[PDB]
Amino acid sequence: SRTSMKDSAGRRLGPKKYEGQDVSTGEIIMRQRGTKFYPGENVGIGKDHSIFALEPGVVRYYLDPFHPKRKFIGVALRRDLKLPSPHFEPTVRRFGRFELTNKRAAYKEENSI
Amino acid sequence: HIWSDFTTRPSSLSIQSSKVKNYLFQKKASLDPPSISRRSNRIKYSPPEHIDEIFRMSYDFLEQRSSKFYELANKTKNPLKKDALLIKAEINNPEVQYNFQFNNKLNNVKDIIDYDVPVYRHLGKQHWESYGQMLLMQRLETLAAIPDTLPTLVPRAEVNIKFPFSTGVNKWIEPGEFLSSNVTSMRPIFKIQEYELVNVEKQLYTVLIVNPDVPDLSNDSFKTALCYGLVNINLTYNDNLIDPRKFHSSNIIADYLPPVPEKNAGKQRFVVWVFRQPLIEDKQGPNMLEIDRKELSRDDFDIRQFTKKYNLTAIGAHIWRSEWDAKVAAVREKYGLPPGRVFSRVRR
Amino acid sequence: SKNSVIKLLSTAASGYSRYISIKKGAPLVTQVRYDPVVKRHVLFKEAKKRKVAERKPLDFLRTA
Amino acid sequence: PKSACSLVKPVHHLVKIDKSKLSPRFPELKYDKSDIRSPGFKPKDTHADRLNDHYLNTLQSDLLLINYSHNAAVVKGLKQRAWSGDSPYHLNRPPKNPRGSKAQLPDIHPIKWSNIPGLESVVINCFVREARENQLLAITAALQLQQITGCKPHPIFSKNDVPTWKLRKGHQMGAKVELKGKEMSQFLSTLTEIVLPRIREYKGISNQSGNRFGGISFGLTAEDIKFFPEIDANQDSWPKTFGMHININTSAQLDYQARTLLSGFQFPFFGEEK
Amino acid sequence: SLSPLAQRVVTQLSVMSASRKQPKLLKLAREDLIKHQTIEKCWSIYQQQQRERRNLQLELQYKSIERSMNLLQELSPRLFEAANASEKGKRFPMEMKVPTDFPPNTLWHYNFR
Amino acid sequence: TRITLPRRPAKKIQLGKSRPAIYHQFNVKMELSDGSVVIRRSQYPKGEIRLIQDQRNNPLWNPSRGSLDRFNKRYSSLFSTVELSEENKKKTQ
RNA sequence: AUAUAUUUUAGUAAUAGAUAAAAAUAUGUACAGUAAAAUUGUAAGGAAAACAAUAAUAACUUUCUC
RNA sequence: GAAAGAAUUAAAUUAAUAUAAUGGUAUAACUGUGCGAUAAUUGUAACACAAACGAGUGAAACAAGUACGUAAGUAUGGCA
Ligand SMILES: [Mg+2]
Ligand SMILES: [Mg+2]
Ligand SMILES: [Mg+2]
Ligand SMILES: [Mg+2]
Ligand SMILES: [Mg+2]
Ligand SMILES: [Mg+2]
């Protein structure tokens with residue numbers, strides 16, 4: 001006899017973060033083999049086509065008319081925003097830094113070049 | 001022979017250099033080109049054979065065509081059509097081609113390239129479309145100065161800026177340049193070169209330099225800042241350099257505040273926009289407009305809202321972008337602005 | 001053994017060195033990489049000696 | 001590489017950015033090849049083309065007159081058929097391929113003053129099959145082609161592999177040359193006058209030859225090439241000589257129109273037409 | 001090193017090649033360049049005009065044919081039918097030759113068949 | 001086994017610097033079978049050629065309009081139609 | 001026309017185009033383009049070597065012209 | 001009315017992807033070409049995915065240096 005008793009395990013390749021879900025920077029929204037979902041707004045894409053969040057926000061799945069026949073995952077900076085954002089409106093940006101109210105810290109920062 | 005006549009036609013259509021003109025129009029290939037300044041090089045040079053007679057024939061052909069066009073041009077009443085006819089007549093003139101190609105378009109001398117003349121203006125427009133306009137568009141799109149400030153641009157006027165008063169050096173700013181705080185310490189100089197047919201006497205303009213990237217920590221985002229605001233400026237095709245000479249203190253809706261980027265706040269886009277005024281009929285002379293100076297604010301400035309209010313149309317744009325350096329504190333001190341904030345290096 | 005290991009020693013004489021793999025008869029492998037002792041990009045060269053598959057030096061000067 | 005995800009970003013303006021012009025890399029390349037300042041400059045309209053002039057004067061009007069069919073409407077070709085929506089599986093389904101063919105066929109227009117048939121291009125494909133043994137034979141064939149045309153040939157390489165015929169893949173084997181405009185016209189004139197009459201039992205081009213749409217072809221043996229005046233003048237210099245295929249491409253809607261056009265330029269046609 | 005056949009092949013190759021056979025680049029003065037441009041542009045315009053003239057003439061001929069055929073259809077149906085036949089295998093006569101540079105010894109043949 | 005010319009390193013034609021192959025060509029006069037001359041540009045150095053067998057003397061191109069030679073030469077006194085009629089009895093075949 | 005001297009040419013070798021599905025540098029970046037099959041043909045060529053051809057132009061810009 | 005350009009629409013990922021099979025890829029990840037041969041570099045790597053541990057995977061950001069690109073930027077080996 002000779003049996004075909006050999007197989008790899010399942011690659012855990014679902015969506016790891018869902019519509020309306022809060023995200024943090026670095027977090028993986030999708031694991032996939034090839035771009036089933038394309039990286040949308042405020043979202044990066046890795047070597048393994050893994051969509052990850054570039055900013056803190058709300059994960060949103062959407063279609064964009066500019067790219068028909070392509071699904072997108074992006075991260076809205078608030079829950080208020082429809083994440084296929086209006087084209088000619090200005091981009092919702094995050095400053096994401098804090099001023100150094102502390103005097104010593106500010107001085108150190110000024111010194112550093 | 002319409003192109004030899006200068007009774008009704010401007011002086012600019014001729015070549016001002018006499019030697020060059022003589023070289024162009026001779027009966028044999030005897031003379032040597034004025035372009036080649038050096039004797040040895042002239043000796044070395046040999047122009048292609050038979051070029052003269054054929055050239056003369058071509059001139060005659062195109063001169064005839066121009067004359068025919070002129071027959072139509074004078075009968076025409078409406079202005080844009082007339083201008084187009086004039087362009088058609090003179091665009092193939094060798095002399096005007098020589099003038100345009102081989103002399104400066106930016107700081108045009110009126111006798112050589114007159115932008116009051118329609119043909120020369122058309123040529124200048126074409127030149128702008130070929131390179132400078134495309135570049136400007138690229139810099140607006142890539143840096144994200146269009147959607148962030150003002151939705152779109154349909155580039156009509158070529159806008160070039162300069163910073164003569166601060167340092168001393170002469171340099172037209174390439175769009176999307178990084179300028180030092182020393183360079184942009186004092187105000188800039190605009191040159192709004194208009195290529196469309198427009199009423200020079202009536203048409204006024206406004207110029208707004210806006211900084212979309214100043215950080216607002218309440219919103220955790222950015223806000224706009226009107227760094228320099230002029231209104232009701234008069235341009236002329238040749239007389240178009242917007243300098244403290246031209247505009248009065250009444251024209252300044254918001255007088256120049258310099259780029260003073262904060263440490264680690266990032267790179268700050270400064271995108272000048274040039275709008276033309278709405279032109280009112282049944283009113284001789286330039287129609288002014290009053291700006292509510294308490295209503296518009298400098299620390300936060302809705303450009304789009306402002307445009308909507310005064311019914312402006314953005315014809316031109318230019319952009320530089322400043323970031324923090326050692327001298328920004330000195331600039332602030334000179335202007336009497338406060339010490340200036342310092343942010344964390346990490347965008348956490 | 002088809003692919004052998006080699007030691008690339010930094011040309012700026014720090015002592016820093018990086019190791020890479022090559023085919024047995026591959027050309028001499030020099031590469032410019034960051035030397036952290038010197039804090040710059042420097043040339044690396046093979047410290048040891050080894051035999052090479054001798055390619056005919058292609059002649060740009062048109063011979064004969 | 002952090003990723004392979006290709007995704008062109010949309011823009012916020014309608015100006016067409018020519019990216020080539022914004023660089024300062026290839027200043028000679030910014031000029032058109034027609035422009036004198038380009039190193040690629042070549043005098044195009046050097047002398048009056050004779051065959052072309054003849055076509056313009058005599059033939060074109062005659063051809064138009066021939067091809068007039070009264071109130072002739074357009075004949076649509078075989079195209080990809082859409083599905084009837086009589087099932088919800090038709091909803092994003094690709095269209096059925098054409099009726100007879102796998103590839104779509106073009107519409108045949110009525111001939112009017114605009115779309116009169118005329119010569120478009122000649123291509124002279126010479127694939128020498130002995131060059132599977134000897135690469136130098138390909139070179140000689142290319143030279144011959146150049147001599148014949150006065151135009152630069154392009155080398156043909158073996159695209160396929162096969163054992164029965166001793167043929168490798170990626171081996172230089174003969175050459176080709178697409179003639180266009182005045183050189184092509186000259187070549188046709190030479191064919192009509194010098195070469196094809198010196199072929200002994202030459203009936204003509206077959207009427208069964210051709211594409212379905214405005215393309216006619218034939219071939220010359222190695223015996224026939226020695227009648228070309230460039231080859232004939234030095235028979236010592238040309239010991240070997242290679243046959244060739246000659247693809248004539250017309251601006252004809254159909255093949256009978258193309259045949260008629262070629263006849264106008266003194267090409268004989270012998271076989272029973274389709 | 002090389003055979004006589006190899007040598008002859010090399011010579012043949014050289015005939016086709018641009019190696020050390022081509023002159024210097026055609027440089028012009030600015031005035032000369034302008035003159036050239038004006039020559040070329042004018043020529044191009046002339047060619048366009050000629051094309052339009054010929055094209056116009058062809059259009060006029062087509063219109064005349066259309067006018068004729070309608071009239072024929074109106075008057076005599078049989079004549080119209082005869083006119084409007086498929087001329088699929090129509091061949092230009094072999095006497096209508098492509099006009100040479102200079103004429104032959106016998107300009108015209110008065111007898112035939 | 002395969003006869004070849006082995007390639008040297010190729011010369012780098014830079015982008016923009018590529019020049020079109022304008023081969024050396026002479027204006028050559030072809031006189032056809034009849035006296036009709038035609039000018040054609042040609043690469044071989046010969047200003048004038050006169051052709052013997054052309055379309056202008058081929059029957060296919062105008063329908064409306066040396067062993068044999070040796071034989072004629074050495075059977076000339078006999079003068080070899082009448083001769084055909086004499087030597088053509090079609091009974092035997 | 002011919003002699004000597006001093007040079008110059010002839011080492012004859014392919015890409016001429018940002019080349020684009022013959023073969024060849026498999027990682028970077030910048031710019032650009034589209035394959036395949038099947039069908040109709042064509043010198044040896046044949047089911048199977050190579051080359052050609054095979055969906056639609058409404059609107060827009062420029063040019064010439066009635 | 002004609003010529004040229006810009007192109008758009010339809011179709012296609014059946015070819016091609018160093019290599020199995022699957023998913024992805026013409027907006028090309030496929031192919032050609034210039035430069036290059038550098039990022040098949042150096043210290044800190046949060047946060048995620050996966051996950052008994054040992055390991056494995058994607059990776060923002062900070063700092064040093066390099067290559068290409070007018071620029072925007074891209075590159076810490078290869079469509080996965
Ligand atoms: Mg599994
Ligand atoms: Mg697949
Ligand atoms: Mg878990
Ligand atoms: Mg662990
Ligand atoms: Mg790969
Ligand atoms: Mg790759």
# chains A, B, ... in the order shown; residues from 1 in each chain; ligands from 1
$ residues_around --residues "stretch 36-53 of chain H" --least-positions-apart "2" --cutoff "7 Å" --atoms "only C-alpha atoms (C1' of nucleotides)" --output "list in words"
residues 25, 26, 27 and 28 of chain A; 33, 34 and 36 of chain C; 27 and 28 of chain G; 64, 66, 67, 75, 76 and 77 of chain H
$ closest_atom_pairs --of "chain B" --to "chain D" --cutoff "12 Å" --atoms "only C-alpha atoms" --output "JSON lines"
{"residue": "B:48", "atom": "CA", "partner": "D:36", "partner_atom": "CA", "distance": 11.8}
{"residue": "B:127", "atom": "CA", "partner": "D:21", "partner_atom": "CA", "distance": 11.9}
{"residue": "B:128", "atom": "CA", "partner": "D:21", "partner_atom": "CA", "distance": 11.9}
{"residue": "B:129", "atom": "CA", "partner": "D:15", "partner_atom": "CA", "distance": 9.2}
{"residue": "B:130", "atom": "CA", "partner": "D:21", "partner_atom": "CA", "distance": 7.6}
{"residue": "B:131", "atom": "CA", "partner": "D:21", "partner_atom": "CA", "distance": 6.2}
{"residue": "B:132", "atom": "CA", "partner": "D:22", "partner_atom": "CA", "distance": 8.3}
{"residue": "B:133", "atom": "CA", "partner": "D:15", "partner_atom": "CA", "distance": 8.6}
{"residue": "B:134", "atom": "CA", "partner": "D:17", "partner_atom": "CA", "distance": 5.2}
{"residue": "B:135", "atom": "CA", "partner": "D:22", "partner_atom": "CA", "distance": 6.3}
{"residue": "B:136", "atom": "CA", "partner": "D:17", "partner_atom": "CA", "distance": 9.7}
{"residue": "B:137", "atom": "CA", "partner": "D:15", "partner_atom": "CA", "distance": 7.2}
{"residue": "B:138", "atom": "CA", "partner": "D:17", "partner_atom": "CA", "distance": 7.0}
{"residue": "B:139", "atom": "CA", "partner": "D:17", "partner_atom": "CA", "distance": 10.7}
{"residue": "B:140", "atom": "CA", "partner": "D:12", "partner_atom": "CA", "distance": 9.0}
{"residue": "B:141", "atom": "CA", "partner": "D:11", "partner_atom": "CA", "distance": 6.6}
{"residue": "B:142", "atom": "CA", "partner": "D:11", "partner_atom": "CA", "distance": 8.9}
{"residue": "B:143", "atom": "CA", "partner": "D:11", "partner_atom": "CA", "distance": 11.6}
{"residue": "B:144", "atom": "CA", "partner": "D:12", "partner_atom": "CA", "distance": 9.1}
{"residue": "B:145", "atom": "CA", "partner": "D:12", "partner_atom": "CA", "distance": 9.9}
{"residue": "B:146", "atom": "CA", "partner": "D:12", "partner_atom": "CA", "distance": 6.8}
{"residue": "B:147", "atom": "CA", "partner": "D:12", "partner_atom": "CA", "distance": 6.9}
{"residue": "B:148", "atom": "CA", "partner": "D:12", "partner_atom": "CA", "distance": 10.5}
{"residue": "B:149", "atom": "CA", "partner": "D:12", "partner_atom": "CA", "distance": 11.8}
{"residue": "B:150", "atom": "CA", "partner": "D:12", "partner_atom": "CA", "distance": 10.1}
{"residue": "B:151", "atom": "CA", "partner": "D:12", "partner_atom": "CA", "distance": 7.2}
{"residue": "B:152", "atom": "CA", "partner": "D:12", "partner_atom": "CA", "distance": 5.8}
{"residue": "B:153", "atom": "CA", "partner": "D:13", "partner_atom": "CA", "distance": 6.4}
{"residue": "B:154", "atom": "CA", "partner": "D:13", "partner_atom": "CA", "distance": 7.4}
{"residue": "B:155", "atom": "CA", "partner": "D:15", "partner_atom": "CA", "distance": 8.3}
{"residue": "B:156", "atom": "CA", "partner": "D:15", "partner_atom": "CA", "distance": 11.2}
$ residues_near_ligand --ligand "ligand 2" --cutoff "8 Å" --atoms "only C-alpha atoms (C1' of nucleotides) and all ligand atoms" --output "PyMOL selection string"
chain H and resi 22-24
$ residues_around --residues "residue B:316" --least-positions-apart "3" --cutoff "6 Å" --atoms "only C-alpha atoms (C1' of nucleotides)" --output "list in words"
residues 155, 157, 159 and 274 of chain B
$ write_last_selection --atoms "N, CA and C atoms" --output "compact mmCIF listing (two decimals), in the first residue's frame"
# COMPACT_ATOMS: atom_id res chain seq x y z
N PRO B 155 -5.15 76.23 -14.73
CA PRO B 155 -4.09 77.22 -14.90
C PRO B 155 -4.25 78.09 -16.15
N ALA B 157 -3.10 81.98 -15.90
CA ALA B 157 -1.93 82.85 -15.77
C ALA B 157 -0.73 82.07 -15.24
N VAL B 159 2.27 82.21 -12.90
CA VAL B 159 2.64 82.94 -11.69
C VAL B 159 4.04 82.53 -11.26
N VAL B 274 -3.69 82.96 -7.06
CA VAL B 274 -3.98 84.19 -7.78
C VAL B 274 -5.38 84.08 -8.38
$ select_by_dssp --residues "stretch 5-169 of chain D" --states "helix (DSSP H, G or I)" --output "VMD selection string"
chain D and resid 19 to 22 50 to 67 88 to 90 129 to 132 135 to 149
$ write_last_selection --atoms "C-alpha atoms" --output "CSV table (one decimal), in the first residue's frame"
chain,number,residue,atom,x,y,z
D,19,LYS,CA,6.4,63.4,-17.3
D,20,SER,CA,9.1,63.2,-20.0
D,21,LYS,CA,9.2,67.0,-20.3
D,22,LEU,CA,9.6,67.7,-16.6
D,50,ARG,CA,6.2,58.4,-59.0
D,51,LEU,CA,3.8,55.5,-58.2
D,52,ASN,CA,2.1,57.6,-55.5
D,53,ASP,CA,1.7,60.4,-57.9
D,54,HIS,CA,0.1,58.1,-60.5
D,55,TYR,CA,-2.3,56.7,-57.8
D,56,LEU,CA,-3.3,60.2,-56.9
D,57,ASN,CA,-3.9,61.3,-60.5
D,58,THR,CA,-5.3,58.4,-62.5
D,59,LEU,CA,-6.2,55.5,-60.2
D,60,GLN,CA,-7.9,56.9,-57.1
D,61,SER,CA,-10.8,58.4,-59.0
D,62,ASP,CA,-11.2,55.2,-61.0
D,63,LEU,CA,-11.2,53.1,-57.9
D,64,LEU,CA,-13.8,55.3,-56.3
D,65,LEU,CA,-16.0,55.0,-59.4
D,66,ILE,CA,-15.6,51.2,-59.4
D,67,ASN,CA,-16.4,50.8,-55.7
D,88,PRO,CA,-29.6,35.7,-13.1
D,89,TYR,CA,-26.3,33.9,-14.0
D,90,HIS,CA,-26.0,36.2,-17.1
D,129,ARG,CA,16.0,27.7,-43.0
D,130,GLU,CA,19.6,26.6,-43.8
D,131,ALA,CA,20.6,29.2,-41.1
D,132,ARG,CA,19.8,26.7,-38.4
D,135,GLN,CA,24.3,31.9,-38.8
D,136,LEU,CA,26.3,33.7,-41.5
D,137,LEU,CA,23.5,32.8,-44.0
D,138,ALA,CA,21.1,35.0,-42.0
D,139,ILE,CA,23.5,37.9,-42.3
D,140,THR,CA,23.9,37.5,-46.1
D,141,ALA,CA,20.0,37.3,-46.4
D,142,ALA,CA,19.7,40.6,-44.4
D,143,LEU,CA,22.3,42.3,-46.7
D,144,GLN,CA,20.5,41.1,-49.8
D,145,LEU,CA,17.2,42.5,-48.4
D,146,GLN,CA,19.0,45.8,-47.6
D,147,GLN,CA,20.4,46.0,-51.2
D,148,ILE,CA,17.0,45.3,-52.7
D,149,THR,CA,15.1,47.9,-50.6
$ closest_atom_pairs --of "chain B" --to "chain A" --cutoff "9 Å" --atoms "only C-alpha atoms" --output "Markdown table"
| residue | atom | partner | partner_atom | distance |
| --- | --- | --- | --- | --- |
| B:144 | CA | A:91 | CA | 8.8 |
| B:146 | CA | A:88 | CA | 8.2 |
| B:147 | CA | A:90 | CA | 4.8 |
| B:148 | CA | A:90 | CA | 4.0 |
| B:149 | CA | A:90 | CA | 6.7 |
| B:150 | CA | A:90 | CA | 8.1 |
| B:151 | CA | A:88 | CA | 5.0 |
| B:152 | CA | A:88 | CA | 7.4 |
| B:215 | CA | A:95 | CA | 6.5 |
| B:216 | CA | A:95 | CA | 7.9 |
| B:217 | CA | A:98 | CA | 7.7 |
| B:219 | CA | A:94 | CA | 8.9 |
| B:220 | CA | A:95 | CA | 5.6 |
| B:221 | CA | A:95 | CA | 4.7 |
| B:222 | CA | A:95 | CA | 6.5 |
| B:263 | CA | A:110 | CA | 7.1 |
| B:264 | CA | A:97 | CA | 8.5 |
| B:265 | CA | A:97 | CA | 7.8 |
| B:326 | CA | A:110 | CA | 8.9 |
| B:341 | CA | A:99 | CA | 6.7 |
| B:342 | CA | A:99 | CA | 5.7 |
| B:343 | CA | A:99 | CA | 4.1 |
| B:344 | CA | A:98 | CA | 5.8 |
| B:345 | CA | A:109 | CA | 7.7 |
| B:346 | CA | A:97 | CA | 6.6 |
| B:347 | CA | A:97 | CA | 4.6 |
| B:348 | CA | A:96 | CA | 5.6 |
$ write_last_selection --atoms "C-alpha atoms" --output "PDB file, in the first residue's frame"
ATOM      1  CA  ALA B 144      -1.527  68.060  -1.990  1.00  0.00           C
ATOM      2  CA  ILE B 146      -5.171  71.576  -4.400  1.00  0.00           C
ATOM      3  CA  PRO B 147      -7.737  69.558  -2.402  1.00  0.00           C
ATOM      4  CA  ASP B 148      -6.266  70.688   0.963  1.00  0.00           C
ATOM      5  CA  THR B 149      -6.736  74.425   0.209  1.00  0.00           C
ATOM      6  CA  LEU B 150      -8.763  74.988  -2.955  1.00  0.00           C
ATOM      7  CA  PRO B 151     -10.495  72.096  -4.834  1.00  0.00           C
ATOM      8  CA  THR B 152      -9.006  72.389  -8.331  1.00  0.00           C
ATOM      9  CA  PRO B 215      -1.028  72.610  13.819  1.00  0.00           C
ATOM     10  CA  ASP B 216      -4.227  73.024  15.861  1.00  0.00           C
ATOM     11  CA  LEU B 217      -3.937  70.986  19.082  1.00  0.00           C
ATOM     12  CA  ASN B 219      -8.774  69.711  16.917  1.00  0.00           C
ATOM     13  CA  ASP B 220      -5.684  67.392  16.830  1.00  0.00           C
ATOM     14  CA  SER B 221      -5.362  68.365  13.152  1.00  0.00           C
ATOM     15  CA  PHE B 222      -4.147  71.392  11.158  1.00  0.00           C
ATOM     16  CA  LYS B 263      10.359  72.391  15.600  1.00  0.00           C
ATOM     17  CA  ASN B 264       9.015  68.903  14.675  1.00  0.00           C
ATOM     18  CA  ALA B 265       5.667  70.372  13.468  1.00  0.00           C
ATOM     19  CA  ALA B 326      17.898  77.800  13.512  1.00  0.00           C
ATOM     20  CA  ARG B 341       6.440  76.076  20.225  1.00  0.00           C
ATOM     21  CA  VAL B 342       8.471  72.853  20.157  1.00  0.00           C
ATOM     22  CA  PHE B 343       6.772  69.505  19.487  1.00  0.00           C
ATOM     23  CA  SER B 344       7.721  65.910  20.219  1.00  0.00           C
ATOM     24  CA  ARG B 345       9.892  64.251  17.557  1.00  0.00           C
ATOM     25  CA  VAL B 346       7.552  61.238  17.532  1.00  0.00           C
ATOM     26  CA  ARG B 347       4.133  61.492  15.926  1.00  0.00           C
ATOM     27  CA  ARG B 348       2.545  59.318  18.627  1.00  0.00           C
TER      28      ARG B 348
END
$ residues_near_ligand --ligand "ligand 1" --cutoff "10 Å" --atoms "only C-alpha atoms (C1' of nucleotides) and all ligand atoms" --output "NGL selection string"
:A and (7-12)
$ write_last_selection --atoms "N, CA and C atoms" --output "PDB file, in the first residue's frame"
ATOM      1  N   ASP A   7      -0.326  17.048   4.417  1.00  0.00           N
ATOM      2  CA  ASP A   7      -0.948  18.337   4.110  1.00  0.00           C
ATOM      3  C   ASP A   7      -0.460  19.411   5.082  1.00  0.00           C
ATOM      4  N   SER A   8      -0.337  20.640   4.585  1.00  0.00           N
ATOM      5  CA  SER A   8      -0.013  21.788   5.429  1.00  0.00           C
ATOM      6  C   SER A   8      -1.240  22.209   6.225  1.00  0.00           C
ATOM      7  N   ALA A   9      -1.003  22.936   7.313  1.00  0.00           N
ATOM      8  CA  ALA A   9      -2.084  23.507   8.112  1.00  0.00           C
ATOM      9  C   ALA A   9      -2.729  24.675   7.377  1.00  0.00           C
ATOM     10  N   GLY A  10      -3.860  25.124   7.905  1.00  0.00           N
ATOM     11  CA  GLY A  10      -4.537  26.299   7.384  1.00  0.00           C
ATOM     12  C   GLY A  10      -3.759  27.553   7.738  1.00  0.00           C
ATOM     13  N   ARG A  11      -3.582  28.438   6.759  1.00  0.00           N
ATOM     14  CA  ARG A  11      -3.034  29.767   7.012  1.00  0.00           C
ATOM     15  C   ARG A  11      -4.205  30.607   7.492  1.00  0.00           C
ATOM     16  N   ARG A  12      -4.086  31.199   8.676  1.00  0.00           N
ATOM     17  CA  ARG A  12      -5.191  31.964   9.262  1.00  0.00           C
ATOM     18  C   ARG A  12      -5.337  33.285   8.499  1.00  0.00           C
TER      19      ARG A  12
END
$ interface_residues --of "chain C" --to "chain F" --cutoff "8 Å" --atoms "only C-alpha atoms" --output "list in words"
residues 58, 59 and 60 of chain C
